[PDB]
Amino acid sequence: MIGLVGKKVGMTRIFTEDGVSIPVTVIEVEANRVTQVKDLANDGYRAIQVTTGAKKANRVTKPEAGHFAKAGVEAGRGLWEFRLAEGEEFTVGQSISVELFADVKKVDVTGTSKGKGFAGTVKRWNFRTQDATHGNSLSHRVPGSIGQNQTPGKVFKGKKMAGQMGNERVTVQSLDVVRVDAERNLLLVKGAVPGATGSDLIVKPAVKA
Amino acid sequence: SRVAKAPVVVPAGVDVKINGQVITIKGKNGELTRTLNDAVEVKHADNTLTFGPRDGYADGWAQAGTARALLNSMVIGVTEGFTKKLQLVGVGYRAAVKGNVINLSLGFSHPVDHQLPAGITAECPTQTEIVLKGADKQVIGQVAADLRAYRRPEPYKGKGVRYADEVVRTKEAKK
Amino acid sequence: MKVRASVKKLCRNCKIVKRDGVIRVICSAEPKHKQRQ
Amino acid sequence: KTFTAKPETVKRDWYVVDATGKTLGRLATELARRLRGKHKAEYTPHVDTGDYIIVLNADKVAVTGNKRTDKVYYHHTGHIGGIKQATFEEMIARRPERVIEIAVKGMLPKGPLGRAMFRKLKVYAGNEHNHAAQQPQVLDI
RNA sequence: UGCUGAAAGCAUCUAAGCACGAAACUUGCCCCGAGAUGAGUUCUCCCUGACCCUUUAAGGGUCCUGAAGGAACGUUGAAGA
RNA sequence: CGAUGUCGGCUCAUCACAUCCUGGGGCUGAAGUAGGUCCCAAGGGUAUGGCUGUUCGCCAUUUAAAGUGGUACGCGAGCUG
RNA sequence: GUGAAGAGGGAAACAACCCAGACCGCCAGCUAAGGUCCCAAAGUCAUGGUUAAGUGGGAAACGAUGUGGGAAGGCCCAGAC
Ligand SMILES: [Mg+2]
Ligand SMILES: [Mg+2]
Ligand SMILES: [Mg+2]
Ligand SMILES: [Mg+2]
Ligand SMILES: [Mg+2]
Ligand SMILES: [Mg+2]
Ligand SMILES: [Mg+2]
Ligand SMILES: [Mg+2]
Ligand SMILES: [Mg+2]
Ligand SMILES: [Mg+2]
Ligand SMILES: [Mg+2]
Ligand SMILES: [Mg+2]
Ligand SMILES: [Mg+2]
Ligand SMILES: [Mg+2]
Ligand SMILES: [Mg+2]
Ligand SMILES: [Mg+2]
Ligand SMILES: [Mg+2]
Ligand SMILES: [Mg+2]
Ligand SMILES: [Mg+2]
Ligand SMILES: [Mg+2]
Ligand SMILES: [Mg+2]
Ligand SMILES: [Mg+2]
Ligand SMILES: [Mg+2]
Ligand SMILES: [Mg+2]
Ligand SMILES: [Mg+2]
Ligand SMILES: [Mg+2]
Ligand SMILES: [Mg+2]
Ligand SMILES: [Mg+2]
Ligand SMILES: [Mg+2]
Ligand SMILES: [Mg+2]
Ligand SMILES: [Mg+2]
Ligand SMILES: [Mg+2]
Ligand SMILES: [Zn+2]
């Protein structure tokens, strides 16, 4: 189904009359405009690309300006794409709103997580640590051994060790929607979404539910 | 061998269409069609069908006999029609029909719903006994096998779906 | 269904068959005699 | 002095073959012969004098025996447990074009010249191509 | 586990044919990913000026021109050795 | 033998099936729960403590289950002695 | 007998297995072991049967209406099975 692109603003709570403080991550989903519709005849698949927000006229490049002028759309801060199913049609000049999720209860949120930099093995793969005493020397947080002696005598591909941790695209599914504010262009989603405040997130209807 | 040599008589009111090796039969109950293996030859004597093993095939007589049996089943199903009865046994077990489907309560929390092909006509003269009619024999055999699988007759009390003509090797529990 | 190497006939109601290249023994009146290679 | 082949002055023709009703082991060998140029008097070990061959209806290839269920195609991804296993029917249903390619690559010599020979096989899965501009000639197996 | 069914007039799950069937397999869930050299697809933007030289060509050189865009420096980041 | 560093323990795993559980099935001297035996199946999981340097093993208490073995009786240019 | 002290071809690789004992050069020809669909040079050679297991291309006691045959024997058109 057709998803939308929003901007993360922060986390907060919402109180219910029963006495429950439900967590929520407010997502600001502005008027998401259409830039191009790709059909099965030319591109080989049914999809639609979406633009969100606004960008400086002195910063938007000439190819982007021409691509936006072909549709009749202002210059946004990025371009995203969503696949289509049977019975779903759109035009080039449409501007979808947050009201699409009025009858949607569980959604999937996709976004870039927060970069933790070069992290150790313990922090990256939840490894354990050796004893800090009893004679240990310079091996308090090292991963230890990696393989076997001369059989195979190498290191397997896919081994868990230190490296980059974060700044990657992650998807969290089956998050329950709390409220939709069409006037304020706001979506209330229970739980926690990846990425810090101000990041771009993709909210789609649940694929499995 | 002997079955293949034994001929197939087609009675009055039955129309036969033979194109290549494909065979089609029409009549009262309905229309059937079936292709045969390329190791047999079928001839029509204007009143009776005959089968012969072709050259270059080792397993010719067996295929001819199978084809003869299949054609005999087809013609008798077209003329009269095949029937099969199921005698459901067990306390709390019943059956019902809705148009072309079967509804059962075989001691399960959920009711059992079973579909039927387009050439099967079911009936439930009694709560514990059902009957089915058709033109083909393999289809009704498969339907009965599915009905039997739903509730297998146990060797202690016979509870379950069982054929009206079969027997059960019941036993007695030790002490 | 007892699976072993040597399969044979135990009663007079047993029929030795070959299915999918595997030898099987089935008796029409004794489930205990069901054998497989 | 023995005549040798020059890659610049050598000529290559376009042939089109339909793989319907023929066997892998008796078609891929002819394809490899015509790719290595063993059917021409100008054959040289170090020069690709073969002809560009297009294959049509690769999904219609006929194989005898029980190979349609017992013909496995093993390969390894590179990881410790990265071993995969398929069969002839699964390969035909998923990637039919990669059933002639494996055979021809196995039959061809291994090296840059073998890869260059393999680069000429335009294996398709239907009964039509887009290389009619080359004016190909119909060929029998 | 079966249906029909001969070789073997019967019987028979099989030799022709059909159906059910497991956390095993391929998809289905998520991520990477066209250097996939077989290097892919699509919507866009950009400069439409003249001269001579042998080796006559995927040729060499001169003047004018320097676009789209990128790079560099700086402010910097919940990005980062 | 002009040196291939050794038992056990910690971290780190990987492969196999003659499988401990989960999955499906046959027989049962299988009334049901709970069981015994056998076939397929490695996708996942497969305990904390007292004693001993100990693997092994005894005991306490859990667990759906507390597997069998190979990897130089895995792993000291990773640690321990 | 070979290697040691023996080069070369073949058995995919291979000191001892088979063929075969390198004076040197030749872009001459004939053979042995071993082979003639491709890698890789040579028969998609002819007639005759066997195999349907990829047997060929790892193995036993033992078991089976798997087939391809040979020679006999019982019962059987007063009717066998
Ligand atoms: Mg960071
Ligand atoms: Mg610890
Ligand atoms: Mg010390
Ligand atoms: Mg320290
Ligand atoms: Mg020290
Ligand atoms: Mg070491
Ligand atoms: Mg089976
Ligand atoms: Mg029968
Ligand atoms: Mg039957
Ligand atoms: Mg599960
Ligand atoms: Mg030593
Ligand atoms: Mg040394
Ligand atoms: Mg030492
Ligand atoms: Mg097993
Ligand atoms: Mg696996
Ligand atoms: Mg799976
Ligand atoms: Mg104490
Ligand atoms: Mg050790
Ligand atoms: Mg050690
Ligand atoms: Mg070392
Ligand atoms: Mg000490
Ligand atoms: Mg010596
Ligand atoms: Mg020698
Ligand atoms: Mg000598
Ligand atoms: Mg040699
Ligand atoms: Mg050898
Ligand atoms: Mg050699
Ligand atoms: Mg010669
Ligand atoms: Mg010879
Ligand atoms: Mg080579
Ligand atoms: Mg050759
Ligand atoms: Mg021949
Ligand atoms: Zn018995």
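Whole-Hz ³J(HN,Hα) for each residue in the stretch D:126-136, computed from phi via Karplus 6.51 cos²θ - 1.76 cosθ + 1.60 with θ = phi - 60°, x for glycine and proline: what do you get?
Listing the rounded values in order: x, 10, 8, 9, 10, 9, 5, 5, 7, 6, x Hz.
How big is D for the stretch B:82-175, in µm² s⁻¹ as a whole number, if Stokes-Einstein is applied with the Kirkwood radius of its Cα pairs at 20 °C and 1.002 mPa s?
Rounded to a whole number, D works out at 155 µm²/s.
Taking H placed 1.01 Å from N in the peptide plane, check which residues at least 5 places from A:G115 or on another chain put their amide H under 5 Å from its amide H.
The answer is A:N167.
Taking 7 Å along the Cα-to-C-beta vector as the label spot, tell me the B:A45-D:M107 distance in nanometres, rounded to one decimal.
5.2
What is the fewest-to-most order of D:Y52, D:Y43 by other Cβ atoms lying within 10 Å of their Cβ?
Fewest to most other Cβ atoms nearby, the residues stand as D:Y43, D:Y52.
Could you tell me how many degrees, from 0 to 90 and to the nearest 10, lie between the Cα long axis of helix B:61-79 and the main elongation axis, the longest principal axis, of the Cα atoms of chain B?
70
So if I take the alpha carbon set of chain B, get Rg, then get Rh from the Kirkwood formula, what is the Rg over Rh ratio?
1.10
How do C:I26, A:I146 rank when sorted from fewest to most other Cβ atoms within 10 Å of their own Cβ?
Least to most surrounded, the residues fall as A:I146, C:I26.
Evaluate the distance, in nm, between pseudo-label points positioned 7 Å from the Cα of D:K1 and of A:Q130 along their respective Cα→Cβ axes.
Modelled inter-label distance: 7.3 nm.
Can you tell which of A:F156, A:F15, A:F90 shows the greatest fluctuation in a Gaussian network model of chain A with Cα springs below 10 Å?
Per the Cα network of chain A with a 10 Å cutoff, A:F156 tops the list.
Put one equal scatterer on each alpha carbon of the protein assembly as shown, apply the Debye formula with no solvent term, and list log10 I(q)/I(0) at q = 0.05, 0.09, 0.11 1/Å to two decimals.
-0.50, -1.27, -1.22
At B:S109 and D:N66, where each label point lies 7 Å from the Cα along Cα→Cβ, what is the point-to-point distance in nanometres?
4.3
Just check the stretch A:105-165 against the gyration tensor rule for me: Cα atoms, a ≥ b ≥ c as the square roots of the eigenvalues, rounded for a/c under 1.5, and otherwise prolate or oblate depending on whether a/b exceeds b/c.
Note, shape of the stretch A:105-165 comes out oblate.
Over 23 Å between C-alpha atoms is what I'm after, so list which of D:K1/D:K105; A:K123/A:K160; A:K56/A:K204; D:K60/D:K105; D:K40/D:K120; A:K7/A:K106 land there.
Pairs exceeding 23 Å: D:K1/D:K105; A:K56/A:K204.
Please turn the phi angles of the stretch A:158-163 into ³J(HN,Hα) values with the Karplus equation 6.51 cos²θ - 1.76 cosθ + 1.60 (θ = phi - 60°), one per residue in order, whole Hz, x for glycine and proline.
x, 5, 8, 8, 6, x
Any chance you could check the Cα centroid distance between the stretch D:30-84 and the stretch B:1-30 for me, in angstrom?
48
How large is the helix-only mean residue ellipticity at 222 nm for the protein assembly as shown, computed as the sum of -39500 (n - 2.57) over DSSP H runs with n ≥ 4, divided by its residue count, in deg cm²/dmol to the nearest 500?
When only DSSP H runs of four or more count, the value is -4500 deg cm²/dmol.
Does anyone have the angle between helix A:62-71 and the longest principal axis of chain A? Alpha-carbon axes, 0 to 90°, nearest 10?
For helix A:62-71, the angle is close to 50 degrees.
Just to verify a number: FRET efficiency for D:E30 and A:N167, C-beta to C-beta distance, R0 = 51 Å, to 0.05?
My answer for the efficiency is 0.40.
Residue-wise, which Karplus ³J(HN,Hα) couplings in Hz belong to the stretch A:177-187, taking 6.51 cos²θ - 1.76 cosθ + 1.60, θ = phi - 60°, and x for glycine or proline?
7, 9, 7, 10, 10, 6, 5, 8, 6, 10, 10
Rounded to the nearest 0.05, what FRET efficiency do A:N42 and A:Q94 have when you use their Cβ-Cβ distance and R0 = 30 Å?
0.95
Between D:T20, D:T77, D:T44, find the one with the highest GNM mean-square fluctuation for chain D; connect C-alpha pairs within less than 10 Å.
D:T77
About the Cα centre of the protein assembly as shown, how large is the charge dipole given +1 on each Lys and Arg Cβ and -1 on each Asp and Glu Cβ? Please answer in debye to the nearest 20.
My answer is approximately 3080 debye.
Among A:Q150, A:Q49, A:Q173, which one shows the highest mean-square fluctuation when chain A is modelled as a Gaussian network with alpha-carbon springs under 10 Å?
Fluctuation is largest for A:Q150.
Heads up, the Cβs are rebuilt from the backbone with ideal geometry, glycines too, and the neighbour counts pull from every protein chain shown. Each value in this text was obtained by applying a stated rule to the coordinates, not by laboratory testing.
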